[PDB]
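Visitor: Here you go, one structure.
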Amino acid sequence: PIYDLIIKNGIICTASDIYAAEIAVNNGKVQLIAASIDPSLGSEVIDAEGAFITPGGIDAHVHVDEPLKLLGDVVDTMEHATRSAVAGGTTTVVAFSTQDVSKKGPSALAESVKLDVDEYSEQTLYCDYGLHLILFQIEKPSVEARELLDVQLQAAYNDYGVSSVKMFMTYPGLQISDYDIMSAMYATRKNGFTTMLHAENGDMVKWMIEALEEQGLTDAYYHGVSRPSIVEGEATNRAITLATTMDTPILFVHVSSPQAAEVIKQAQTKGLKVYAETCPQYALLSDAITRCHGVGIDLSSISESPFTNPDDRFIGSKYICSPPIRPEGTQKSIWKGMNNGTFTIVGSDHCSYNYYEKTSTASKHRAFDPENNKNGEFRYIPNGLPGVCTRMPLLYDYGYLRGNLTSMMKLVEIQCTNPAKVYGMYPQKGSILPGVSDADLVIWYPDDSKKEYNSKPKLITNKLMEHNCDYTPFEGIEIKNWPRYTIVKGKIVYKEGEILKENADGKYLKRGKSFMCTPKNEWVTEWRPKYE
Amino acid sequence: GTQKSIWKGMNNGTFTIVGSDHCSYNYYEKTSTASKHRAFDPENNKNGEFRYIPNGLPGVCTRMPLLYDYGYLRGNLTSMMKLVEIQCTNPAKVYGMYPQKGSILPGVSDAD
Amino acid sequence: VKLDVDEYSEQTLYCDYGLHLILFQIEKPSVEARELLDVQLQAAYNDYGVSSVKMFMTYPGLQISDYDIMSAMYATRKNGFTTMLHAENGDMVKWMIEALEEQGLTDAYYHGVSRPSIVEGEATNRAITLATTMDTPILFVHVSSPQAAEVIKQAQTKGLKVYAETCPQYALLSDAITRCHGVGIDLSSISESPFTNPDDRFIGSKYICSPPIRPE
Ligand SMILES: NC(=O)NCCC(=O)O
Ligand SMILES: NC(=O)NCCC(=O)O
Ligand SMILES: [Zn+2]
Ligand SMILES: [Zn+2]
Ligand SMILES: [Zn+2]
Ligand SMILES: [Zn+2]
């Protein structure tokens, strides 16, 4: 036959269209869209039975185990994360390369990426992956440093196709001053990079944690109390101000604060290039889940939580992340942000640590280490939730089907297409473009069917995650659709609950410059950077 | 000083669609009932006062090229995709002509 | 405070005077330091009737971190002191001065350029946020930035105890007076300025203050 694969009787969903049509696939790519394709033309034919076909999900906020152990030991390798991704309808992930402070000179940042690429090149990869670069050591003073940093970003792009840089305004060891952020912005704007910020006020967080410990308030729930929404709001406001002074496009990761969303919206209204990301957990969970006792998940339906296991005082740690899962009444704000344009993309902030084994370096119970003066205090709890698998189905269900998102188009926009565009993987990834797109596609189950599908899951379980972690925070909850087929580069890698390892051929992805991150050329004063 | 905030509105999502408000009255003939000079009618107490000027400009032809040029090419719109969204696809969606009109969808779209 | 009182006790004084206390060295970490700082403010009040404390968010040698401001606020709230802040972002000021010097833009006029209104606005917003977390009344000194006045007004509308000071020069002068070339002063009527003495390159310094005299 002329084509490897034909998808028939399905409904195509893109970031701006919904329509019935059929797709032909060959040599790893979308070849053709037409009303009807002769089935004798394909080696393999899939009857979608009226279900939606979406592009594969792109999760640009995934954490995997890496050799510098920035977040300590993490349970998932790139092998495990991409397997989990594919089981949940995600076909590209972007993880993080830790700046290696031991490497010096022009190649120092390229050498940081090399560590990751080399390590993952031996693992079985179920889908493609890219890398962001994390920066926490910036040379001073700014002017004398400019050449080296600029040269270093060029080498990282030229050699490994890295075009994004991530910085933190909180966390000891990661928090960098406003001064250093401006130095970085200088270099990134010049190189058309995508600039990412974690915006929480680190000083406020540090002070308040010490105040709480002084009163003995150390349980997992006080993680949220140590850093309320006003802290994320302040730092987001500060970071916008920096980006404005420096005419540098900026993306805020995992936004959870209404005050942050508010200053973000105001900047977007002004036309400033300010982008934002949020995560399912900020729309679906509230902080009540961190201790025993309508637009989110019914919290009492979650299994293995402080509600069902009130004896286990440490179980709240399953839901500890940064920024914290917010108080009741905040979650609706996050949905509105997804609908009204505040949030450009949705990622998972996938970050996995075991709960049901206590001894290993990748356990949540790592917070118990009597010799290192660690006795379970929230300060020592490894922050993060597994989420790479659940991201797409959670939005399909609680977003589209339950009506918290406006449409399937909006779902595709924020889950697939915008992530590709903002991180320079477009048009190779993110859409369904004949002759252009890698054939990365998801075929769902039909929503309005009376037909029984034995393979369609009713609940989220750990086994369904296909990951290396021993829990998921969404364990036990109803889920009303799931990927029936996940196609990766024209091959079926997930079919009806089964992973097909023999079709796993994922590769490291060299990314381009994002067309969304060219500068506005707008300034606060008459000052201009030398190079202009 | 007002015109810039209209461009920002087109980019930031304030404006869903762009139309012309096409409404045409002659200027170089003065006698017809479809003339701007209809404002001069001494026998009906009309002597050219702004109150009596028929309101409107011709614009149906110039709408698309003006945005292509002053919007996309000159950089006042973010991209060609924003151009299509507000000029083509959103109008179809908001007025119930979608998907017959507004896009390029095989087997579905009128070939417009 | 004693150093100041003792010195002025020998001068001829034409009217009464009081003193604010300026703080730029705060002990760390916060919790262990709390008792001493509290005791010290008590002693300053009991002995000399000082009930106000001033801190800076800019100037090398005076700029203190958000962390240290919270420590101070903890003490001042407890003692019913008046807490005063100079709110400009010191990091943004420092970076921009260096950027201007690198291009050789060093004339008095570039003092304003190094620290536009948005810099005072950011820091004032940051300081309100701290005051809110700490439930501590706060006064902003010499406010000159529209963005600063905006966030101050919003806090006052909420009923937070945020007070503010401004100065005649921020209502009456614009930065045109700092170099060669209205509801305030007709600037051309000022004598001995860059307008009347364009030969004198340094005369703009007569009107250099912090925060800077703002644009028209
Ligand atoms: N914050 C969190 O939930 N996990 C650590 C991953 C990160 O945000 O860098
Ligand atoms: N900034 C200024 O005008 N003078 C120095 C006194 C001060 O503001 O502390
Ligand atoms: Zn983070
Ligand atoms: Zn993260
Ligand atoms: Zn009309
Ligand atoms: Zn001052």
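Just remember, in the structure tokens the first chain shown is A, the second B, etc., residues are 1-based per chain, and ligands are 1-based in the order shown.
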Excluding same-chain residues fewer than 5 positions from residue C:179, what lies within 6 Å of it counting only C-alpha atoms, as a list in words?
Guide: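 Counting only the stated atoms, we get residues 109, 194 and 204 of chain C.
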Visitor: Could you save those same residues with C-alpha atoms as a PDB file, in the first residue's frame?
Guide:
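Generated file (again-v7.pdb):
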ATOM      1  CA  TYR C 109      20.262  64.399  33.428  1.00  0.00           C
ATOM      2  CA  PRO C 194      20.981  75.100  32.752  1.00  0.00           C
ATOM      3  CA  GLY C 204      21.977  70.352  36.714  1.00  0.00           C
TER       4      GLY C 204
END
Visitor: Could you list, with a cut-off of 10 Å and counting only C-alpha atoms and all ligand atoms, the residues of chain C near ligand 2, each shown with its nearest atom pair and the distance in Å rounded to one decimal, rows sorted by chain and ascending number, as a tab-separated table?
Guide:
residue	atom	partner	partner_atom_place_in_ligand_line	distance
C:22	CA	ligand 2	9 (O)	9.6
C:54	CA	ligand 2	9 (O)	9.7
C:55	CA	ligand 2	9 (O)	9.7
C:56	CA	ligand 2	9 (O)	8.4
C:59	CA	ligand 2	9 (O)	9.0
C:62	CA	ligand 2	9 (O)	9.5
C:86	CA	ligand 2	8 (O)	7.7
C:141	CA	ligand 2	8 (O)	8.6
C:142	CA	ligand 2	8 (O)	8.0
C:207	CA	ligand 2	3 (O)	8.8
C:208	CA	ligand 2	3 (O)	6.9
C:209	CA	ligand 2	3 (O)	3.5
C:210	CA	ligand 2	1 (N)	3.5
C:211	CA	ligand 2	1 (N)	6.1
C:212	CA	ligand 2	3 (O)	7.8
C:213	CA	ligand 2	3 (O)	9.5
Visitor: Dump N, CA and C atoms for the selected residues as a tab-separated table (two decimals), in the first residue's frame?
Guide:
chain	number	residue	atom	x	y	z
C	22	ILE	N	17.22	55.94	61.76
C	22	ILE	CA	17.51	55.23	60.51
C	22	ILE	C	18.14	53.87	60.80
C	54	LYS	N	13.09	54.49	60.13
C	54	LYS	CA	13.21	54.67	58.70
C	54	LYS	C	14.15	53.64	58.07
C	55	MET	N	13.71	53.04	56.96
C	55	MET	CA	14.52	52.08	56.21
C	55	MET	C	14.49	52.37	54.71
C	56	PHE	N	15.52	51.88	54.01
C	56	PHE	CA	15.72	52.13	52.58
C	56	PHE	C	15.68	50.83	51.77
C	59	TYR	N	20.07	52.46	47.54
C	59	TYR	CA	21.35	53.06	48.03
C	59	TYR	C	22.27	51.98	48.58
C	62	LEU	N	22.77	51.25	52.48
C	62	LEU	CA	21.48	51.49	53.17
C	62	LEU	C	20.39	50.49	52.78
C	86	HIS	N	11.74	54.29	52.22
C	86	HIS	CA	12.13	54.84	50.92
C	86	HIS	C	12.04	53.67	49.91
C	141	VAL	N	7.91	57.71	52.25
C	141	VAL	CA	8.50	59.05	52.17
C	141	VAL	C	8.67	59.51	50.72
C	142	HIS	N	8.66	60.83	50.54
C	142	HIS	CA	8.87	61.49	49.24
C	142	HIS	C	8.40	60.70	48.01
C	207	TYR	N	19.61	70.29	41.15
C	207	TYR	CA	18.27	69.71	41.23
C	207	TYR	C	18.28	68.17	41.22
C	208	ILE	N	19.42	67.57	41.56
C	208	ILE	CA	19.50	66.11	41.67
C	208	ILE	C	19.13	65.63	43.08
C	209	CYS	N	18.07	64.83	43.15
C	209	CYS	CA	17.57	64.28	44.40
C	209	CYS	C	17.04	62.87	44.17
C	210	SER	N	16.72	62.16	45.25
C	210	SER	CA	16.18	60.79	45.16
C	210	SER	C	14.87	60.63	45.95
C	211	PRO	N	13.79	60.20	45.28
C	211	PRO	CA	13.76	59.85	43.85
C	211	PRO	C	13.92	61.09	42.97
C	212	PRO	N	14.30	60.89	41.69
C	212	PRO	CA	14.56	62.05	40.82
C	212	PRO	C	13.32	62.89	40.54
C	213	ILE	N	13.54	64.18	40.28
C	213	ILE	CA	12.53	65.06	39.71
C	213	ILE	C	12.09	64.44	38.37
Visitor: Could you list, as JSON, numbers by chain, every residue within 10 Å of residue A:149, counting only C-alpha atoms and ignoring same-chain residues fewer than 6 positions away?
Guide: {"A": [105, 106, 108, 109, 138, 139, 142, 155, 183, 184, 186, 187, 188]}
Visitor: Can those selected residues be exported to a file as a short mmCIF file (atom, residue, chain, number, x, y, z; two decimals), in the first residue's frame so that it contains N, CA and C atoms?
Guide:
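Okay, out25.cif is ready:
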data_model
loop_
_atom_site.label_atom_id
_atom_site.label_comp_id
_atom_site.auth_asym_id
_atom_site.auth_seq_id
_atom_site.Cartn_x
_atom_site.Cartn_y
_atom_site.Cartn_z
N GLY A 105 33.99 28.63 30.68
CA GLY A 105 34.21 29.11 29.32
C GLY A 105 33.00 29.05 28.39
N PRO A 106 33.23 29.25 27.08
CA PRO A 106 32.20 29.36 26.03
C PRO A 106 31.26 28.16 25.93
N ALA A 108 30.35 26.02 28.41
CA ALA A 108 29.85 25.57 29.73
C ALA A 108 28.38 25.15 29.78
N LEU A 109 27.53 25.86 29.05
CA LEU A 109 26.11 25.57 29.06
C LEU A 109 25.74 24.45 28.08
N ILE A 138 24.97 33.36 38.01
CA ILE A 138 25.21 34.40 37.02
C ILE A 138 26.42 35.23 37.47
N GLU A 139 27.35 35.47 36.54
CA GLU A 139 28.58 36.21 36.83
C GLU A 139 28.30 37.70 37.08
N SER A 142 27.48 42.90 35.71
CA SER A 142 26.78 42.57 34.45
C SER A 142 27.51 42.88 33.14
N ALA A 155 26.26 28.90 21.93
CA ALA A 155 26.82 27.55 21.83
C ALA A 155 25.81 26.49 22.24
N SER A 183 20.62 40.77 34.00
CA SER A 183 21.79 40.31 33.21
C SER A 183 21.41 39.17 32.26
N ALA A 184 20.64 38.20 32.76
CA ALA A 184 20.17 37.08 31.95
C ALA A 184 19.23 37.55 30.85
N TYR A 186 19.16 40.31 29.42
CA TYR A 186 19.96 41.00 28.43
C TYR A 186 20.42 40.02 27.37
N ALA A 187 20.98 38.90 27.82
CA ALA A 187 21.47 37.86 26.92
C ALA A 187 20.36 37.13 26.18
N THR A 188 19.26 36.82 26.86
CA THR A 188 18.20 36.02 26.24
C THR A 188 17.45 36.79 25.16
#
Visitor: Which residues are near ligand 1 in this structure, taking near to mean any atom at most 9 Å from a ligand atom and counting only C-alpha atoms and all ligand atoms? Format them as a PyMOL selection string.
Guide: chain A and resi 61-63+71+168+198+253-254+319-324+349-352+382-385
Visitor: I'd like to know which residues of stretch 30-211 of chain C are strand (DSSP E or B) (by DSSP, run on the backbone); could you write them as a count of residues only?
Guide: 17
Visitor: With a distance cut-off of 12 Å and only C-alpha atoms, select the neighbouring residues of residue A:38, excluding the residue or stretch itself and same-chain residues fewer than 5 positions from it, and output the selection as a short mmCIF file (atom, residue, chain, number, x, y, z; two decimals) with N, CA and C atoms, in the first residue's frame.
Guide:
data_model
loop_
_atom_site.label_atom_id
_atom_site.label_comp_id
_atom_site.auth_asym_id
_atom_site.auth_seq_id
_atom_site.Cartn_x
_atom_site.Cartn_y
_atom_site.Cartn_z
N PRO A 1 0.83 -1.21 0.00
CA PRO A 1 0.00 0.00 0.00
C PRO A 1 0.86 1.26 0.00
N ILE A 2 0.26 2.40 -0.37
CA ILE A 2 0.97 3.67 -0.51
C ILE A 2 1.23 4.39 0.81
N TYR A 3 0.35 4.20 1.78
CA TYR A 3 0.50 4.80 3.11
C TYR A 3 0.64 3.73 4.19
N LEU A 5 -0.52 4.18 7.33
CA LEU A 5 -1.65 4.26 8.26
C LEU A 5 -2.74 5.22 7.78
N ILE A 6 -4.00 4.79 7.91
CA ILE A 6 -5.16 5.65 7.63
C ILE A 6 -6.10 5.69 8.84
N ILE A 7 -6.46 6.90 9.28
CA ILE A 7 -7.48 7.06 10.32
C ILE A 7 -8.83 7.49 9.73
N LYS A 8 -9.83 6.62 9.84
CA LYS A 8 -11.15 6.84 9.23
C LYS A 8 -12.24 7.12 10.27
N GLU A 22 -10.72 12.55 7.26
CA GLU A 22 -9.83 11.41 7.45
C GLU A 22 -8.36 11.77 7.17
N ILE A 23 -7.45 11.02 7.80
CA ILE A 23 -6.02 11.32 7.76
C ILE A 23 -5.20 10.12 7.24
N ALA A 24 -4.29 10.41 6.32
CA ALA A 24 -3.30 9.43 5.86
C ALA A 24 -1.92 9.78 6.42
N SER A 43 -1.58 0.37 4.83
CA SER A 43 -1.13 -0.91 5.39
C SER A 43 -1.92 -1.24 6.65
N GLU A 44 -2.31 -0.19 7.36
CA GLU A 44 -3.08 -0.30 8.59
C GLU A 44 -4.19 0.74 8.58
N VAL A 45 -5.39 0.31 8.98
CA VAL A 45 -6.56 1.18 9.02
C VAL A 45 -7.17 1.16 10.41
#
Visitor: Using only C-alpha atoms, select each residue of chain B with any atom at most 6 Å away from an atom of chain A, and give the selection as a ChimeraX atom specification.
Guide: /B:8,12,106-107
Visitor: Just write the chosen residues, N, CA and C atoms, as a compact mmCIF listing (two decimals), in the first residue's frame.
Guide:
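What ended up in selection_35.txt:
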# COMPACT_ATOMS: atom_id res chain seq x y z
N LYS B 8 -4.06 47.45 20.02
CA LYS B 8 -3.86 46.60 21.20
C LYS B 8 -5.08 45.72 21.48
N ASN B 12 -4.95 41.73 21.89
CA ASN B 12 -5.11 41.18 23.25
C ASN B 12 -6.41 40.39 23.50
N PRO B 106 -10.99 20.39 4.40
CA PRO B 106 -11.29 19.46 3.31
C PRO B 106 -12.60 18.71 3.52
N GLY B 107 -13.44 18.70 2.48
CA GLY B 107 -14.75 18.06 2.52
C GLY B 107 -15.84 18.88 3.17
Visitor: Could you find all residues in chain B that DSSP calls alpha helix (DSSP H) from the backbone, and write them as a list in words?
Guide: residues 3, 4, 5, 6, 7, 8, 9, 10, 11, 12, 63, 64, 65, 66, 80, 81, 82, 83, 84, 90, 91, 92, 93 and 94 of chain B
Visitor: Produce a file of the selected residues containing N, CA, C and O atoms, as an mmCIF file, in the first residue's frame.
Guide:
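Output saved as again_14.cif:
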data_model
loop_
_atom_site.group_PDB
_atom_site.id
_atom_site.type_symbol
_atom_site.label_atom_id
_atom_site.label_comp_id
_atom_site.auth_asym_id
_atom_site.auth_seq_id
_atom_site.Cartn_x
_atom_site.Cartn_y
_atom_site.Cartn_z
ATOM 1 N N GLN B 3 -5.873 55.847 18.607
ATOM 2 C CA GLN B 3 -5.784 54.775 17.608
ATOM 3 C C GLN B 3 -4.946 53.571 18.029
ATOM 4 O O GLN B 3 -5.269 52.441 17.656
ATOM 5 N N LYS B 4 -3.889 53.807 18.802
ATOM 6 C CA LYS B 4 -3.045 52.713 19.286
ATOM 7 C C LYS B 4 -3.805 51.705 20.163
ATOM 8 O O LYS B 4 -3.563 50.504 20.051
ATOM 9 N N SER B 5 -4.723 52.181 21.010
ATOM 10 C CA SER B 5 -5.458 51.279 21.897
ATOM 11 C C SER B 5 -6.434 50.364 21.128
ATOM 12 O O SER B 5 -6.809 49.296 21.622
ATOM 13 N N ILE B 6 -6.815 50.767 19.921
ATOM 14 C CA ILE B 6 -7.611 49.905 19.047
ATOM 15 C C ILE B 6 -6.777 48.727 18.516
ATOM 16 O O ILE B 6 -7.260 47.593 18.488
ATOM 17 N N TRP B 7 -5.529 48.993 18.117
ATOM 18 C CA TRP B 7 -4.617 47.914 17.693
ATOM 19 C C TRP B 7 -4.345 46.925 18.822
ATOM 20 O O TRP B 7 -4.407 45.711 18.611
ATOM 21 N N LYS B 8 -4.064 47.446 20.017
ATOM 22 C CA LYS B 8 -3.858 46.598 21.197
ATOM 23 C C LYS B 8 -5.084 45.720 21.475
ATOM 24 O O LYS B 8 -4.943 44.545 21.810
ATOM 25 N N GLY B 9 -6.273 46.297 21.303
ATOM 26 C CA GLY B 9 -7.526 45.579 21.458
ATOM 27 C C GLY B 9 -7.685 44.424 20.479
ATOM 28 O O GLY B 9 -8.226 43.370 20.833
ATOM 29 N N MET B 10 -7.219 44.620 19.244
ATOM 30 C CA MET B 10 -7.229 43.559 18.240
ATOM 31 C C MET B 10 -6.269 42.423 18.602
ATOM 32 O O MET B 10 -6.555 41.260 18.338
ATOM 33 N N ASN B 11 -5.136 42.762 19.202
ATOM 34 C CA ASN B 11 -4.138 41.760 19.584
ATOM 35 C C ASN B 11 -4.420 41.014 20.897
ATOM 36 O O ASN B 11 -4.157 39.806 20.989
ATOM 37 N N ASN B 12 -4.955 41.729 21.891
ATOM 38 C CA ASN B 12 -5.108 41.185 23.247
ATOM 39 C C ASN B 12 -6.407 40.392 23.497
ATOM 40 O O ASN B 12 -6.627 39.879 24.586
ATOM 41 N N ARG B 63 -10.957 46.659 3.626
ATOM 42 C CA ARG B 63 -10.789 46.026 4.954
ATOM 43 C C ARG B 63 -9.618 45.033 5.036
ATOM 44 O O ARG B 63 -8.748 45.164 5.909
ATOM 45 N N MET B 64 -9.600 44.053 4.132
ATOM 46 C CA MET B 64 -8.571 42.997 4.160
ATOM 47 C C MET B 64 -7.155 43.497 3.823
ATOM 48 O O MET B 64 -6.206 43.212 4.567
ATOM 49 N N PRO B 65 -6.999 44.218 2.698
ATOM 50 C CA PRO B 65 -5.662 44.723 2.406
ATOM 51 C C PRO B 65 -5.126 45.714 3.447
ATOM 52 O O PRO B 65 -3.935 45.651 3.761
ATOM 53 N N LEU B 66 -5.977 46.594 3.991
ATOM 54 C CA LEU B 66 -5.528 47.526 5.042
ATOM 55 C C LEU B 66 -4.946 46.807 6.267
ATOM 56 O O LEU B 66 -3.935 47.262 6.828
ATOM 57 N N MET B 80 -0.139 36.788 11.012
ATOM 58 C CA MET B 80 -1.125 36.426 9.988
ATOM 59 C C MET B 80 -2.265 35.592 10.548
ATOM 60 O O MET B 80 -3.384 35.651 10.034
ATOM 61 N N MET B 81 -1.973 34.802 11.581
ATOM 62 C CA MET B 81 -2.989 33.968 12.228
ATOM 63 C C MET B 81 -4.029 34.796 12.967
ATOM 64 O O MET B 81 -5.209 34.460 12.913
ATOM 65 N N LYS B 82 -3.589 35.866 13.640
ATOM 66 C CA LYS B 82 -4.498 36.825 14.291
ATOM 67 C C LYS B 82 -5.347 37.527 13.244
ATOM 68 O O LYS B 82 -6.533 37.773 13.463
ATOM 69 N N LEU B 83 -4.719 37.861 12.118
ATOM 70 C CA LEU B 83 -5.411 38.465 10.989
ATOM 71 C C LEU B 83 -6.562 37.577 10.531
ATOM 72 O O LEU B 83 -7.705 38.031 10.435
ATOM 73 N N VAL B 84 -6.272 36.302 10.274
ATOM 74 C CA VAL B 84 -7.297 35.364 9.801
ATOM 75 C C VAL B 84 -8.394 35.172 10.853
ATOM 76 O O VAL B 84 -9.584 35.184 10.519
ATOM 77 N N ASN B 90 -13.440 33.906 13.186
ATOM 78 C CA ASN B 90 -14.335 34.392 14.257
ATOM 79 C C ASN B 90 -15.680 34.960 13.772
ATOM 80 O O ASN B 90 -16.709 34.636 14.361
ATOM 81 N N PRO B 91 -15.677 35.802 12.706
ATOM 82 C CA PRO B 91 -16.976 36.219 12.127
ATOM 83 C C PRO B 91 -17.905 35.045 11.748
ATOM 84 O O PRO B 91 -19.104 35.093 12.030
ATOM 85 N N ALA B 92 -17.356 34.000 11.131
ATOM 86 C CA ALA B 92 -18.143 32.810 10.792
ATOM 87 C C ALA B 92 -18.721 32.122 12.035
ATOM 88 O O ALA B 92 -19.887 31.715 12.054
ATOM 89 N N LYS B 93 -17.893 32.012 13.068
ATOM 90 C CA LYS B 93 -18.264 31.331 14.299
ATOM 91 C C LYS B 93 -19.330 32.078 15.081
ATOM 92 O O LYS B 93 -20.281 31.474 15.572
ATOM 93 N N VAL B 94 -19.172 33.396 15.185
ATOM 94 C CA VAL B 94 -20.035 34.215 16.018
ATOM 95 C C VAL B 94 -21.404 34.449 15.352
ATOM 96 O O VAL B 94 -22.405 34.691 16.041
#
Visitor: Could you work out which residues of chain A fall inside 8 Å of chain C? Count only C-alpha atoms, and format the result as JSON, numbers by chain.
Guide: {"A": [142, 143, 177, 178, 179, 182, 203, 204, 206, 207, 210, 211, 214, 230, 231, 234, 237, 238, 241, 242, 524, 525, 526, 527, 530]}
Visitor: What does the file look like for those residues with N, CA, C and O atoms, as a compact mmCIF listing (two decimals), in the first residue's frame?
Guide:
# COMPACT_ATOMS: atom_id res chain seq x y z
N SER A 142 27.48 42.90 35.71
CA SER A 142 26.78 42.57 34.45
C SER A 142 27.51 42.88 33.14
O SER A 142 27.56 42.03 32.24
N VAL A 143 28.05 44.09 33.02
CA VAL A 143 28.67 44.55 31.77
C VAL A 143 29.84 43.67 31.31
O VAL A 143 29.85 43.19 30.17
N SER A 177 18.96 37.09 42.47
CA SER A 177 18.57 38.48 42.69
C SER A 177 17.97 39.10 41.43
O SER A 177 18.16 38.56 40.33
N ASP A 178 17.26 40.21 41.59
CA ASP A 178 16.74 41.00 40.46
C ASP A 178 17.85 41.44 39.50
O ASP A 178 17.67 41.41 38.29
N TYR A 179 18.99 41.85 40.07
CA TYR A 179 20.14 42.29 39.30
C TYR A 179 20.56 41.22 38.29
O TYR A 179 20.64 41.49 37.09
N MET A 182 18.14 40.56 35.37
CA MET A 182 18.31 41.57 34.32
C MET A 182 19.49 41.20 33.41
O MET A 182 19.38 41.31 32.19
N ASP A 203 12.46 35.53 49.88
CA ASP A 203 12.70 36.14 51.19
C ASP A 203 11.50 36.00 52.11
O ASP A 203 11.65 35.65 53.28
N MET A 204 10.30 36.27 51.58
CA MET A 204 9.05 36.10 52.31
C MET A 204 8.81 34.65 52.72
O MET A 204 8.40 34.37 53.84
N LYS A 206 11.14 32.21 53.08
CA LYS A 206 12.17 31.88 54.08
C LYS A 206 11.81 32.41 55.48
O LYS A 206 11.88 31.66 56.45
N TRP A 207 11.40 33.67 55.56
CA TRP A 207 11.05 34.32 56.83
C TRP A 207 9.88 33.62 57.50
O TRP A 207 9.94 33.29 58.69
N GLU A 210 10.50 30.06 58.96
CA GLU A 210 11.19 30.16 60.25
C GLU A 210 10.24 30.56 61.38
O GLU A 210 10.35 30.06 62.50
N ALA A 211 9.29 31.45 61.07
CA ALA A 211 8.27 31.88 62.04
C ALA A 211 7.36 30.73 62.46
O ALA A 211 6.98 30.63 63.62
N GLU A 214 9.28 28.06 64.58
CA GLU A 214 9.44 28.62 65.93
C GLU A 214 8.23 28.34 66.81
O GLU A 214 8.37 28.19 68.03
N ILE A 230 -0.44 36.06 47.85
CA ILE A 230 0.13 37.41 47.81
C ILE A 230 1.67 37.40 47.58
O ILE A 230 2.23 38.37 47.04
N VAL A 231 2.33 36.31 47.99
CA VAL A 231 3.77 36.13 47.80
C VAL A 231 4.10 35.84 46.32
O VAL A 231 5.06 36.41 45.77
N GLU A 234 3.25 39.25 44.38
CA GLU A 234 4.31 40.24 44.49
C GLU A 234 5.46 39.97 43.51
O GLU A 234 5.85 40.86 42.75
N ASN A 237 4.64 40.41 39.87
CA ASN A 237 4.64 41.86 39.60
C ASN A 237 6.05 42.42 39.42
O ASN A 237 6.30 43.22 38.51
N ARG A 238 6.97 42.00 40.29
CA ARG A 238 8.37 42.42 40.21
C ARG A 238 9.02 41.96 38.90
O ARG A 238 9.70 42.76 38.23
N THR A 241 7.83 43.88 35.88
CA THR A 241 8.57 45.16 35.90
C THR A 241 9.98 45.03 35.30
O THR A 241 10.38 45.85 34.48
N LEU A 242 10.72 43.97 35.67
CA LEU A 242 12.04 43.71 35.10
C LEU A 242 11.98 43.49 33.59
O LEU A 242 12.76 44.10 32.83
N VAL A 524 10.97 51.86 28.39
CA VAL A 524 10.51 52.79 29.43
C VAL A 524 11.24 54.14 29.36
O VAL A 524 10.64 55.18 29.66
N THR A 525 12.52 54.13 28.98
CA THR A 525 13.31 55.36 28.81
C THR A 525 14.02 55.37 27.45
O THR A 525 13.84 54.47 26.65
N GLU A 526 14.84 56.39 27.22
CA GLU A 526 15.62 56.50 25.99
C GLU A 526 16.78 55.50 25.86
O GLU A 526 17.35 55.37 24.79
N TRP A 527 17.13 54.81 26.95
CA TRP A 527 18.20 53.80 26.90
C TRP A 527 17.90 52.63 25.95
O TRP A 527 16.76 52.15 25.87
N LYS A 530 23.49 48.15 23.84
CA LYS A 530 24.57 48.46 22.90
C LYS A 530 24.36 47.89 21.50
O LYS A 530 24.58 48.59 20.51
Visitor: So that I can check the surroundings of stretch 85-88 of chain B, please list as a ChimeraX atom specification every protein, DNA and RNA residue that reaches within 6 Å of it, counting only C-alpha atoms and ignoring chain neighbours fewer than 4 positions away.
Guide: /B:16-18,102
Visitor: If you count only C-alpha atoms and all ligand atoms, which residues end up within 9 Å of ligand 5, as a list in words?
Guide: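 Protein and nucleic-acid residues within 9 Å of ligand 5: residues 20, 21, 22, 23 and 56 of chain B.
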Visitor: Would you save the residues of that selection, restricted to N, CA, C and O atoms, as an mmCIF file, in the first residue's frame?
Guide:
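File result21.cif, as written:
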data_model
loop_
_atom_site.group_PDB
_atom_site.id
_atom_site.type_symbol
_atom_site.label_atom_id
_atom_site.label_comp_id
_atom_site.auth_asym_id
_atom_site.auth_seq_id
_atom_site.Cartn_x
_atom_site.Cartn_y
_atom_site.Cartn_z
ATOM 1 N N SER B 20 -16.335 46.366 8.532
ATOM 2 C CA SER B 20 -16.029 47.631 7.858
ATOM 3 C C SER B 20 -16.965 48.778 8.235
ATOM 4 O O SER B 20 -16.559 49.943 8.240
ATOM 5 N N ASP B 21 -18.211 48.439 8.562
ATOM 6 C CA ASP B 21 -19.284 49.432 8.721
ATOM 7 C C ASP B 21 -19.446 50.170 7.396
ATOM 8 O O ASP B 21 -19.647 51.384 7.365
ATOM 9 N N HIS B 22 -19.337 49.411 6.303
ATOM 10 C CA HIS B 22 -19.419 49.922 4.940
ATOM 11 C C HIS B 22 -20.755 50.610 4.730
ATOM 12 O O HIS B 22 -21.814 49.988 4.866
ATOM 13 N N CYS B 23 -20.711 51.900 4.411
ATOM 14 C CA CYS B 23 -21.930 52.655 4.191
ATOM 15 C C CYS B 23 -21.633 53.845 3.294
ATOM 16 O O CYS B 23 -20.970 54.799 3.712
ATOM 17 N N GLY B 56 -21.259 57.516 7.477
ATOM 18 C CA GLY B 56 -20.700 56.294 6.897
ATOM 19 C C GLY B 56 -19.517 56.512 5.971
ATOM 20 O O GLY B 56 -19.367 57.590 5.395
#
